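Have a look at the structure below before the remarks.
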Amino acid sequence: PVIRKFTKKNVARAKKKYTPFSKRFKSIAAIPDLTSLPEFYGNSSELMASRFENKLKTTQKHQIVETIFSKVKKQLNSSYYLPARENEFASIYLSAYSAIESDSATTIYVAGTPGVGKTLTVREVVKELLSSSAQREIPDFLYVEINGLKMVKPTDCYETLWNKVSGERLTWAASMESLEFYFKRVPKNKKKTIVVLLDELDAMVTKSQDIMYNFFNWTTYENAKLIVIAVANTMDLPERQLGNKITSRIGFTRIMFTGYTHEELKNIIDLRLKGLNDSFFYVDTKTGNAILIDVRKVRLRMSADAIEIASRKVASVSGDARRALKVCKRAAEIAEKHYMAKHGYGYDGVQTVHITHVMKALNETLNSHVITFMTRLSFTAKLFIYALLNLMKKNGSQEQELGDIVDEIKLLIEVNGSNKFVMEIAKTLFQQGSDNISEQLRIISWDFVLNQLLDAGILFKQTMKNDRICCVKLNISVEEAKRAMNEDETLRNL
Amino acid sequence: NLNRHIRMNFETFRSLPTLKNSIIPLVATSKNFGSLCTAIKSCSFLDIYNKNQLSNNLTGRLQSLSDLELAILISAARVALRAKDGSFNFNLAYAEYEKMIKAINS
Amino acid sequence: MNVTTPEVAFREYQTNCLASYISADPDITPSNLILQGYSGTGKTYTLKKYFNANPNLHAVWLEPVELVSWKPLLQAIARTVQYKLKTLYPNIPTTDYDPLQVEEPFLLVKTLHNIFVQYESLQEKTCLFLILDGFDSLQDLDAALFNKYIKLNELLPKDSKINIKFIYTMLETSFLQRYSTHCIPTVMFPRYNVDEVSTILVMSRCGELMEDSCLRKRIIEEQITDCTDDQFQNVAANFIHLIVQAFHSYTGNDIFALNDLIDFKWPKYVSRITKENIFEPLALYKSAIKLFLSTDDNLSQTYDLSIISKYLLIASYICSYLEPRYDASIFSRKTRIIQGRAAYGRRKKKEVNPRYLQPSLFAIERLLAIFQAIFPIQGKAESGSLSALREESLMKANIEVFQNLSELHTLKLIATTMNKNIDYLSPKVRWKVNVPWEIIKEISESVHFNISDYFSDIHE
DNA sequence: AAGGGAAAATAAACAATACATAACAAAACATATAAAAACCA
Ligand SMILES: Nc1ncnc2c1ncn2[C@@H]1O[C@H](COP(=O)(O)OP(=O)(O)OP(O)(O)=S)[C@@H](O)[C@H]1O
Ligand SMILES: Nc1ncnc2c1ncn2[C@@H]1O[C@H](COP(=O)(O)OP(=O)(O)OP(O)(O)=S)[C@@H](O)[C@H]1O
Ligand SMILES: [Mg+2]
Ligand SMILES: [Mg+2]
């Protein structure tokens, strides 16, 4: 053939049609009743989604030990009736019950900081009104999860929504014309109400904001039976992206979920422990396996002030329910490994999770490690920081020339030549120990420890090929660098 | 001598994979057990190894220069010290070169 | 081990380490190895001489200097690995994967995973050495590419029968110090001595200086047929010791600059030998003295510019190194009808000599003012009062002055400030000359213009 | 011919602007393949 200027030998193209839905029935009066039609609304798709359960199955299982603390960690998982979002349940459920019962269309906007129960309680709204629809007090509907961070492209939401509505695989430019003809032209007698959840709406609108307009404008149509529950993080995402006249035309509700208080965290943690706290297990003393009601009848209480200080500390910072369920899951496995080490069960009178297990689980996520990292570096790496801290108090310029650091390291071994530690190390730091190596310009492992501190994130270095005039910041603080160097014995005396 | 080379690693690098690359040709380049028992007593290879690793860094390149290459490097280092920005040309560093060779021959 | 160490001349430490890291057993070989040295330091010599003395361990030689981007470097790895293994194991049935199909660093890993699983019927663990010879000489190189080749060993299967091993060759030691914390073994190739360059250059080139026809032809044709090979070898060896001892201070510890100064000066050294010159070496050096004093590594007027293009670089060189403040004191000549004071000139000399410094920017109208200040008299007066009024003896800027100023800009003899699509026709665009002093001095002596007097009064 | 004295020059501190390049965007230039669409047959 022709000689190609470059090759693309890894193109894999999807079998997706190009013609939209507005061109396959030739008339609005020739559109059939779409609810009594086989390939719409997912009436045959329940075979392929259940195919992949058989791939991760294997037949070997040899008596895995399920101890006392393994049952508590299973019950504090986020995947395992919700107490502290009651007015927010009653706002989303009331707005969606009215629009389904009246064959109307609306949009519900819900925002908040991460982890506050909003993806959970929207799914609990639509599960309540699936059960209300299955009892035939509202008509049947179809429910679509759209997650913006579960998409490769932002434009894949058009493909996935129209695939769930119609069972047809089209491209995205053909899917939005298929959906737009579906919502404004197809009559209300032929359609079914659709409750789509646009989850994590921040991620879809970062580049071109053409995607948030379409889902909200489709709900203003008369013939459309579409309820967009749009859950995002910030409250001003509609008004910044769309504008003021567009967000007033749509007329959507606007809910914000405040992060939970410390008393609400206690009624989440202790709600997921009602079946196990203050309860009796059957533990055999030779394997360690516990069984809820050779064997002792042990029992399990968790301390209420341990849940208190796990709630007071988490809710004061962010207030999310994930960080409190995994600070009590982390405390439950700290208590397990000491139970596992005392009796030595391994893997195949009363147990408790103290205040000291929860504090240990909570301190390790709040401590920094840049103190502990820098006290245990080399003498060479600590001499690099100690020379950099002297330069930031001769000038305070907070980005030092790298050749000013080298001359400071040489001056600091110059002046402290009476020191007992510096006399014996300056032979092993300029000639590297023995003779036959000349006295040199950089200290031994200068390229090692400069790259060790850049890789660790402690140190920032600009991009210059002149290795002497290049500039060097810190990235941690001047205080916690000085705190780590006033601990080391040999540097604080010199 | 082997515990002396461990102590230099602890003060400078403090990484056992760096000492691990030093011991590997101390063992592989030993012909018999009489030389392999001797070479870890003396550790005379680790001085030869550490000399190599650092033999063309910036001191080992300066010691591998001829006389004109050293004279131009000095001449550009005197113009870079008088300049406020540490900068120089080929014209500035040959001007300092030729007035240096005049003052030697004078 | 079970390996053979060759005898390379001045690399006896480097070959013992090279035999220490490279072996046939894949358990005792590192998956990365750098051979760092500068140019001409003999590190592809002893890398090649090590693999020739060890034929039963396998190598793939790639040059990353003729591959220019990262994507042809991945494709050549996939091409030459499977082409090596087809010659190496012809009895294995294989299906050829297109090396042009890799377009990612992962698609190399997937292709190498597919190539290596079909040699799984081999009897023992085998290592293939992938020699990236000049990895730093890749033109589009960045900091994040060498740590993409360090980690390929961890993505390829651990219990394969073919374990690819990377041997890198690199130059400049600022590239190497970016990867110091990876602790991967490195063998350094330092620069040679003056005595190591001379011994290497005399064992490399005395063979070719005999089989050269110029020494071959002359000795039979000059009718001095009284010589042996041991004089033939000693006359060429003493030339090499004499071509180093003259030009070592110019070249340094190079090998490739010495190899050029030999063969540029060996046809000129042969043609000055006769009967008294083969036997005595001191007599031949004084009869060939004029080719051991000047290197001559170079190949009417410097430019064929127009006569007004030639005065318009001169005026460009004046505007860009003289200051605008002092121009009225130097160039003004005309009598004053109206009272006024001329410019006084520079009061004291500056000891910077601005011709050493980078040229400064000027405007287009100052150039055309100094152009007609220095341009010679056109339309000379023919002693006629009828002719003297009409003459306009001083030259205005016609269509040719701007055409030659624009041609002087396309030839990169006048520069501007660098913006993409500069407009000539704008107030903001300034101009500067970029020719050295040694060119504008050759230009000024052609038109008999004394440009040195304009710069003698400033410092010289 | 002397001389006054204003133009010109020098210097130094400071402010305002230009410049070189980094980072990127976007249009021209280029290829690939499944679906439409002609189109013989
Ligand atoms: N009120 C609650 N009652 C019980 N469990 C809760 C409650 N709120 C959150 N959880 C648990 O914590 C998890 C947090 O999920 P959500 O908070 O709904 O996610 P989220 O609000 O979308 O946070 P994002 O995705 O970062 S915006 C849920 O899956 C539950 O397991
Ligand atoms: N020790 C040596 N003994 C004999 N010949 C040598 C020796 N070292 C170098 N040479 C020769 O001198 C030349 C040096 O070339 P190379 O070894 O290819 O240089 P290099 O180390 O690869 O540097 P670059 O990066 O390729 S320019 C070749 O012609 C070698 O044959
Ligand atoms: Mg969520
Ligand atoms: Mg080479």
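Ordering of the structure tokens sets the chain letters (A, B, ...); residue numbers start at 1 within each chain; ligands are numbered from 1 in the order shown.
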
Query - 12 Å shell around ligand 4 using only C-alpha atoms (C1' of nucleotides) and all ligand atoms, listed as a PyMOL selection string - result: chain C and resi 35-48+61-65+131-137+168-171+189+255-256

Requested in this report: Select residues of chain A: the criterion is any atom within 6 Å of an atom of chain C, counting only C-alpha atoms; output as a PyMOL selection string.
Outcome: chain A and resi 9+447-448

Please, could you write that set of residues out with N, CA, C and O atoms as a PDB file, in the first residue's frame?
```pdb
ATOM      1  N   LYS A   9      -0.889   0.539  15.868  1.00  0.00           N
ATOM      2  CA  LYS A   9      -1.129  -0.893  15.801  1.00  0.00           C
ATOM      3  C   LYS A   9      -1.774  -1.443  17.063  1.00  0.00           C
ATOM      4  O   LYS A   9      -1.805  -2.662  17.248  1.00  0.00           O
ATOM      5  N   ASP A 447      26.200  13.111  47.037  1.00  0.00           N
ATOM      6  CA  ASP A 447      25.162  12.824  46.058  1.00  0.00           C
ATOM      7  C   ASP A 447      24.171  11.787  46.560  1.00  0.00           C
ATOM      8  O   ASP A 447      23.039  11.741  46.071  1.00  0.00           O
ATOM      9  N   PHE A 448      24.569  10.961  47.527  1.00  0.00           N
ATOM     10  CA  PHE A 448      23.653   9.975  48.082  1.00  0.00           C
ATOM     11  C   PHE A 448      22.645  10.637  49.012  1.00  0.00           C
ATOM     12  O   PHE A 448      21.439  10.401  48.900  1.00  0.00           O
TER      13      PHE A 448
END
```

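Inspection of the environment of ligand 1, which uses only C-alpha atoms (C1' of nucleotides) and all ligand atoms and a cut-off of 6 Å, identifies the neighbouring residues as residues 78, 79, 82, 83, 84, 85, 114, 115, 116, 117, 118, 119, 120, 233, 268, 321 and 322 of chain A.
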
Report task. For atom CA of residue A:376 and atom CA of residue A:459, quote the distance in Å rounded to one decimal. Result -> 16.3 Å

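The shell of residues at most 9 Å from residue B:77, with only C-alpha atoms (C1' of nucleotides) counted and near chain neighbours (fewer than 5 positions) removed, consists of residues 72, 82, 86, 88 and 93 of chain B.
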
Hey, can you spit out that residue selection with C-alpha atoms as a compact mmCIF listing (two decimals), in the first residue's frame?
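Okay, this is what ended up in again-v5.txt:
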```
# COMPACT_ATOMS: atom_id res chain seq x y z
CA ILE B 72 42.05 27.97 30.92
CA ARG B 82 35.59 39.19 39.80
CA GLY B 86 29.89 34.56 38.34
CA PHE B 88 32.33 34.78 31.77
CA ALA B 93 38.75 33.91 29.86
```

Report task. Would you give me, as a PyMOL selection string, the residues of chain D that come within 8 Å of chain C, using only C-alpha atoms (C1' of nucleotides)? Result -> chain D and resi 7-9+19-20

Kindly save the residues from that selection, with N, CA and C atoms (P, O5', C5', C4', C3', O3' and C1' of nucleotides) included, as a short mmCIF file (atom, residue, chain, number, x, y, z; two decimals), in the first residue's frame.
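Written out: again_4.cif:
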```cif
data_model
loop_
_atom_site.label_atom_id
_atom_site.label_comp_id
_atom_site.auth_asym_id
_atom_site.auth_seq_id
_atom_site.Cartn_x
_atom_site.Cartn_y
_atom_site.Cartn_z
P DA D 7 21.44 75.39 29.45
"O5'" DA D 7 22.26 74.25 28.69
"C5'" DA D 7 22.85 74.53 27.42
"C4'" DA D 7 23.97 73.55 27.09
"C3'" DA D 7 23.58 72.08 27.08
"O3'" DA D 7 24.24 71.42 26.00
"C1'" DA D 7 25.33 72.42 28.63
P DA D 8 23.81 69.94 25.57
"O5'" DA D 8 24.90 69.01 26.26
"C5'" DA D 8 26.26 69.15 25.90
"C4'" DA D 8 27.15 68.37 26.86
"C3'" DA D 8 26.73 66.92 27.10
"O3'" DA D 8 27.84 66.08 26.84
"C1'" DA D 8 27.15 68.03 29.15
P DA D 9 27.68 64.49 26.75
"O5'" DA D 9 28.43 63.98 28.06
"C5'" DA D 9 29.69 64.54 28.40
"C4'" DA D 9 30.07 64.18 29.82
"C3'" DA D 9 29.72 62.75 30.23
"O3'" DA D 9 30.87 62.11 30.75
"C1'" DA D 9 28.94 64.30 31.84
P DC D 19 12.57 43.49 24.69
"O5'" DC D 19 13.73 42.44 24.99
"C5'" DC D 19 14.37 42.46 26.27
"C4'" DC D 19 14.76 41.07 26.70
"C3'" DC D 19 14.34 39.95 25.77
"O3'" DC D 19 15.25 38.90 25.88
"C1'" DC D 19 13.31 39.62 27.83
P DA D 20 15.57 37.95 24.64
"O5'" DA D 20 16.20 36.66 25.33
"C5'" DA D 20 16.54 36.72 26.71
"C4'" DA D 20 16.41 35.36 27.37
"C3'" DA D 20 16.21 34.17 26.45
"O3'" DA D 20 16.84 33.03 27.01
"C1'" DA D 20 14.26 34.51 27.79
#
```

Requested in this report: Write out as a ChimeraX atom specification which residues come within 12 Å of residue B:73 when counting only C-alpha atoms (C1' of nucleotides), dropping same-chain ones fewer than 5 positions away.
Outcome: /B:61-62,65-68,78-80,88,90,93-94,96-97

For residue A:194, find every residue with an atom within 12 Å (counting only C-alpha atoms (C1' of nucleotides)), except residues of its own chain fewer than 5 positions away, and show them as an mmCIF file with N, CA and C atoms, in the first residue's frame.
```
data_model
loop_
_atom_site.group_PDB
_atom_site.id
_atom_site.type_symbol
_atom_site.label_atom_id
_atom_site.label_comp_id
_atom_site.auth_asym_id
_atom_site.auth_seq_id
_atom_site.Cartn_x
_atom_site.Cartn_y
_atom_site.Cartn_z
ATOM 1 N N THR A 35 -42.254 0.427 27.740
ATOM 2 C CA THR A 35 -42.193 -0.387 28.948
ATOM 3 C C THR A 35 -42.489 -1.850 28.647
ATOM 4 N N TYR A 41 -34.990 -1.094 29.521
ATOM 5 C CA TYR A 41 -35.080 -1.059 30.986
ATOM 6 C C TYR A 41 -34.483 -2.299 31.649
ATOM 7 N N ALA A 96 -38.702 12.921 46.033
ATOM 8 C CA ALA A 96 -38.748 11.902 44.997
ATOM 9 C C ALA A 96 -40.047 11.114 45.002
ATOM 10 N N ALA A 99 -42.587 13.335 42.851
ATOM 11 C CA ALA A 99 -42.367 13.407 41.413
ATOM 12 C C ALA A 99 -42.653 12.083 40.718
ATOM 13 N N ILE A 100 -42.446 10.955 41.398
ATOM 14 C CA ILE A 100 -42.791 9.664 40.808
ATOM 15 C C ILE A 100 -44.303 9.470 40.807
ATOM 16 N N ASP A 103 -45.999 11.655 37.989
ATOM 17 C CA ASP A 103 -45.333 11.539 36.681
ATOM 18 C C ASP A 103 -44.622 12.834 36.295
ATOM 19 N N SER A 104 -43.885 13.387 37.245
ATOM 20 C CA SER A 104 -43.194 14.650 37.060
ATOM 21 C C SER A 104 -41.697 14.410 36.907
ATOM 22 N N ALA A 105 -40.951 15.506 36.823
ATOM 23 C CA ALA A 105 -39.505 15.461 36.698
ATOM 24 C C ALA A 105 -38.908 16.544 37.575
ATOM 25 N N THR A 106 -37.797 16.224 38.229
ATOM 26 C CA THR A 106 -37.173 17.150 39.158
ATOM 27 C C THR A 106 -35.686 16.849 39.243
ATOM 28 N N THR A 107 -34.993 17.645 40.046
ATOM 29 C CA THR A 107 -33.587 17.441 40.340
ATOM 30 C C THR A 107 -33.377 17.718 41.819
ATOM 31 N N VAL A 126 -33.754 5.432 47.661
ATOM 32 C CA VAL A 126 -34.284 4.721 46.505
ATOM 33 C C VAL A 126 -34.584 3.264 46.821
ATOM 34 N N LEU A 130 -38.207 1.947 46.120
ATOM 35 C CA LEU A 130 -38.413 0.704 45.376
ATOM 36 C C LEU A 130 -39.423 -0.190 46.079
ATOM 37 N N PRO A 139 -45.873 4.312 40.659
ATOM 38 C CA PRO A 139 -45.563 3.464 39.503
ATOM 39 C C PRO A 139 -44.112 3.009 39.484
ATOM 40 N N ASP A 140 -43.865 2.004 38.646
ATOM 41 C CA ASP A 140 -42.555 1.380 38.546
ATOM 42 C C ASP A 140 -41.540 2.362 37.979
ATOM 43 N N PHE A 141 -40.292 2.236 38.423
ATOM 44 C CA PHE A 141 -39.240 3.091 37.902
ATOM 45 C C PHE A 141 -37.987 2.270 37.656
ATOM 46 N N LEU A 142 -37.010 2.926 37.043
ATOM 47 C CA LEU A 142 -35.727 2.338 36.703
ATOM 48 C C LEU A 142 -34.632 3.203 37.311
ATOM 49 N N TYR A 143 -33.647 2.558 37.927
ATOM 50 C CA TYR A 143 -32.639 3.231 38.735
ATOM 51 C C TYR A 143 -31.257 3.021 38.135
ATOM 52 N N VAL A 144 -30.520 4.113 37.939
ATOM 53 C CA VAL A 144 -29.212 4.082 37.293
ATOM 54 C C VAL A 144 -28.183 4.727 38.213
ATOM 55 N N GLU A 145 -27.165 3.958 38.585
ATOM 56 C CA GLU A 145 -25.963 4.492 39.213
ATOM 57 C C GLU A 145 -25.053 5.084 38.146
ATOM 58 N N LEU A 161 -25.842 5.672 30.624
ATOM 59 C CA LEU A 161 -27.248 5.918 30.928
ATOM 60 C C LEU A 161 -28.146 5.392 29.819
ATOM 61 N N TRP A 162 -27.810 5.702 28.566
ATOM 62 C CA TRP A 162 -28.618 5.242 27.443
ATOM 63 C C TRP A 162 -28.547 3.727 27.272
ATOM 64 N N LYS A 164 -28.436 1.684 29.920
ATOM 65 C CA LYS A 164 -29.329 1.156 30.947
ATOM 66 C C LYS A 164 -30.788 1.410 30.603
ATOM 67 N N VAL A 165 -31.080 2.524 29.932
ATOM 68 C CA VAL A 165 -32.446 2.803 29.500
ATOM 69 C C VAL A 165 -32.864 1.838 28.401
ATOM 70 N N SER A 166 -32.040 1.711 27.364
ATOM 71 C CA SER A 166 -32.484 1.113 26.117
ATOM 72 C C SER A 166 -31.840 -0.222 25.779
ATOM 73 N N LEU A 179 -30.868 10.307 24.163
ATOM 74 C CA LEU A 179 -31.513 10.663 25.420
ATOM 75 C C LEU A 179 -32.351 11.925 25.281
ATOM 76 N N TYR A 182 -35.382 11.144 23.732
ATOM 77 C CA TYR A 182 -36.155 10.290 24.626
ATOM 78 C C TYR A 182 -36.943 11.102 25.639
ATOM 79 N N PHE A 183 -36.362 12.181 26.151
ATOM 80 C CA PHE A 183 -37.021 12.867 27.250
ATOM 81 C C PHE A 183 -38.013 13.933 26.800
ATOM 82 N N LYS A 188 -45.476 10.536 27.640
ATOM 83 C CA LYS A 188 -45.413 10.075 29.021
ATOM 84 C C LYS A 188 -46.118 8.744 29.227
ATOM 85 N N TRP A 218 -32.657 18.342 31.062
ATOM 86 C CA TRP A 218 -33.590 17.264 30.746
ATOM 87 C C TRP A 218 -34.697 17.137 31.778
ATOM 88 N N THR A 219 -34.477 17.606 33.002
ATOM 89 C CA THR A 219 -35.498 17.528 34.034
ATOM 90 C C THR A 219 -36.510 18.659 33.964
ATOM 91 N N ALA A 224 -40.542 14.559 29.981
ATOM 92 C CA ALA A 224 -39.522 13.798 30.682
ATOM 93 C C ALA A 224 -40.016 13.348 32.042
ATOM 94 N N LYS A 225 -39.704 12.105 32.378
ATOM 95 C CA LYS A 225 -39.939 11.575 33.710
ATOM 96 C C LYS A 225 -38.568 11.165 34.222
ATOM 97 N N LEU A 226 -37.836 12.150 34.733
ATOM 98 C CA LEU A 226 -36.438 11.990 35.096
ATOM 99 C C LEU A 226 -36.199 12.674 36.426
ATOM 100 N N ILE A 227 -35.627 11.943 37.372
ATOM 101 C CA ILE A 227 -35.237 12.495 38.659
ATOM 102 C C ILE A 227 -33.733 12.339 38.784
ATOM 103 N N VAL A 228 -33.024 13.456 38.741
ATOM 104 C CA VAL A 228 -31.577 13.474 38.875
ATOM 105 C C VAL A 228 -31.266 13.779 40.328
ATOM 106 N N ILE A 229 -30.748 12.793 41.045
ATOM 107 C CA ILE A 229 -30.171 13.034 42.356
ATOM 108 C C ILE A 229 -28.686 13.266 42.128
#
```

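Backbone DSSP assigns strand (DSSP E) in stretch 135-204 of chain C to residues 162, 163, 164, 165, 166, 167, 168, 169, 170, 186, 187, 188 and 189 of chain C.
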
Output of the above residues as a PDB file, in the first residue's frame, restricted to N, CA and C atoms:
```pdb
ATOM      1  N   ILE C 162      14.491 -17.292  30.679  1.00  0.00           N
ATOM      2  CA  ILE C 162      15.309 -16.228  30.115  1.00  0.00           C
ATOM      3  C   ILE C 162      15.140 -14.993  30.983  1.00  0.00           C
ATOM      4  N   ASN C 163      16.224 -14.585  31.626  1.00  0.00           N
ATOM      5  CA  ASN C 163      16.240 -13.443  32.528  1.00  0.00           C
ATOM      6  C   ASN C 163      17.041 -12.341  31.856  1.00  0.00           C
ATOM      7  N   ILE C 164      16.350 -11.304  31.386  1.00  0.00           N
ATOM      8  CA  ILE C 164      17.036 -10.216  30.705  1.00  0.00           C
ATOM      9  C   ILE C 164      17.830  -9.409  31.725  1.00  0.00           C
ATOM     10  N   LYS C 165      19.021  -8.984  31.325  1.00  0.00           N
ATOM     11  CA  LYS C 165      19.941  -8.270  32.194  1.00  0.00           C
ATOM     12  C   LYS C 165      20.386  -7.019  31.463  1.00  0.00           C
ATOM     13  N   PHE C 166      20.365  -5.891  32.152  1.00  0.00           N
ATOM     14  CA  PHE C 166      20.667  -4.610  31.540  1.00  0.00           C
ATOM     15  C   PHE C 166      22.073  -4.179  31.914  1.00  0.00           C
ATOM     16  N   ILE C 167      22.862  -3.824  30.907  1.00  0.00           N
ATOM     17  CA  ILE C 167      24.182  -3.248  31.102  1.00  0.00           C
ATOM     18  C   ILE C 167      24.175  -1.892  30.427  1.00  0.00           C
ATOM     19  N   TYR C 168      24.378  -0.846  31.212  1.00  0.00           N
ATOM     20  CA  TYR C 168      24.279   0.514  30.724  1.00  0.00           C
ATOM     21  C   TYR C 168      25.671   1.089  30.566  1.00  0.00           C
ATOM     22  N   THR C 169      25.797   1.996  29.616  1.00  0.00           N
ATOM     23  CA  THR C 169      27.024   2.722  29.357  1.00  0.00           C
ATOM     24  C   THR C 169      26.649   4.192  29.293  1.00  0.00           C
ATOM     25  N   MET C 170      27.319   5.027  30.082  1.00  0.00           N
ATOM     26  CA  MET C 170      26.938   6.429  30.144  1.00  0.00           C
ATOM     27  C   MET C 170      28.150   7.281  30.479  1.00  0.00           C
ATOM     28  N   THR C 186      28.223  -0.055  39.818  1.00  0.00           N
ATOM     29  CA  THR C 186      28.761   0.831  38.804  1.00  0.00           C
ATOM     30  C   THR C 186      30.260   0.603  38.729  1.00  0.00           C
ATOM     31  N   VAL C 187      30.790   0.531  37.515  1.00  0.00           N
ATOM     32  CA  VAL C 187      32.224   0.414  37.290  1.00  0.00           C
ATOM     33  C   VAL C 187      32.658   1.677  36.573  1.00  0.00           C
ATOM     34  N   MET C 188      33.601   2.399  37.159  1.00  0.00           N
ATOM     35  CA  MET C 188      33.999   3.691  36.635  1.00  0.00           C
ATOM     36  C   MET C 188      35.207   3.531  35.724  1.00  0.00           C
ATOM     37  N   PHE C 189      35.184   4.250  34.607  1.00  0.00           N
ATOM     38  CA  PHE C 189      36.255   4.261  33.617  1.00  0.00           C
ATOM     39  C   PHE C 189      36.864   5.651  33.588  1.00  0.00           C
TER      40      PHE C 189
END
```

Query - Distance-based interface of chain C with chain B, 10 Å, counting only C-alpha atoms, as JSON, numbers by chain - result: {"C": [1, 13, 14, 16, 17, 18, 19, 20, 21, 28, 30, 36, 37, 38, 172, 173, 174, 177, 180, 181, 182, 183, 184, 185, 186, 187, 188, 189, 190, 191, 192, 193, 194, 248, 249, 250, 251, 252, 253, 352, 353, 355, 356, 357, 358]}

Could you name the residues that touch residue C:293 at 10 Å or less, counting only C-alpha atoms (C1' of nucleotides), but leaving out those on the same chain fewer than 4 positions away, as a PDB file with N, CA and C atoms, in the first residue's frame?
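What landed in around_14.pdb:
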```pdb
ATOM      1  N   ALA C 246      53.902  16.982  21.024  1.00  0.00           N
ATOM      2  CA  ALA C 246      53.626  18.316  20.513  1.00  0.00           C
ATOM      3  C   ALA C 246      52.206  18.777  20.817  1.00  0.00           C
ATOM      4  N   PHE C 247      51.209  17.905  20.645  1.00  0.00           N
ATOM      5  CA  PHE C 247      49.811  18.320  20.654  1.00  0.00           C
ATOM      6  C   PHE C 247      49.014  17.749  21.822  1.00  0.00           C
ATOM      7  N   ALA C 288      60.937  18.339   9.452  1.00  0.00           N
ATOM      8  CA  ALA C 288      59.480  18.341   9.440  1.00  0.00           C
ATOM      9  C   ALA C 288      58.936  19.225  10.555  1.00  0.00           C
ATOM     10  N   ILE C 289      59.677  20.281  10.899  1.00  0.00           N
ATOM     11  CA  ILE C 289      59.365  21.119  12.053  1.00  0.00           C
ATOM     12  C   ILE C 289      58.093  21.938  11.851  1.00  0.00           C
TER      13      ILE C 289
END
```

So which residues touch stretch 32-36 of chain D within 8 Å, counting only C-alpha atoms (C1' of nucleotides), skipping near sequence neighbours fewer than 2 positions away, as a short mmCIF file (atom, residue, chain, number, x, y, z; two decimals) with N, CA and C atoms, in the first residue's frame?
```cif
data_model
loop_
_atom_site.label_atom_id
_atom_site.label_comp_id
_atom_site.auth_asym_id
_atom_site.auth_seq_id
_atom_site.Cartn_x
_atom_site.Cartn_y
_atom_site.Cartn_z
N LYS A 8 -0.43 3.14 14.07
CA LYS A 8 -1.20 2.87 15.28
C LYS A 8 -1.64 1.42 15.21
N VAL A 11 -4.94 -0.01 18.17
CA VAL A 11 -6.28 0.56 18.19
C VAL A 11 -7.28 -0.56 18.41
N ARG A 13 -11.36 -0.70 18.86
CA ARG A 13 -12.54 0.13 18.71
C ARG A 13 -13.77 -0.64 19.16
N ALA A 14 -14.65 0.03 19.88
CA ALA A 14 -15.84 -0.61 20.43
C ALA A 14 -16.93 -0.74 19.38
N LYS A 15 -17.70 -1.82 19.47
CA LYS A 15 -18.82 -2.05 18.56
C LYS A 15 -20.03 -1.25 19.05
N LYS A 16 -20.00 0.05 18.74
CA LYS A 16 -21.04 0.99 19.14
C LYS A 16 -21.61 1.67 17.91
N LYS A 17 -22.93 1.72 17.82
CA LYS A 17 -23.61 2.26 16.66
C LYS A 17 -23.53 3.78 16.63
N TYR A 18 -23.79 4.35 15.45
CA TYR A 18 -23.63 5.78 15.23
C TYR A 18 -24.95 6.53 15.12
#
```

Query - Expected answer as a PyMOL selection string: alpha helix (DSSP H) residues in chain B - result: chain B and resi 2-12+16-28+33-42+44-52+59-62+67-82+90-105

**Report entry** Check: which chain A residues lie within 12 Å of chain B using only C-alpha atoms, as a PyMOL selection string
**Finding:** chain A and resi 376-384+421-422+424-452+466-469

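Relative to atom CA of residue C:221, atom CA of residue C:278 is found at 14.5 Å.
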
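Between atom CA of residue C:303 and atom CA of residue C:322 the interatomic distance comes to 23.8 Å.
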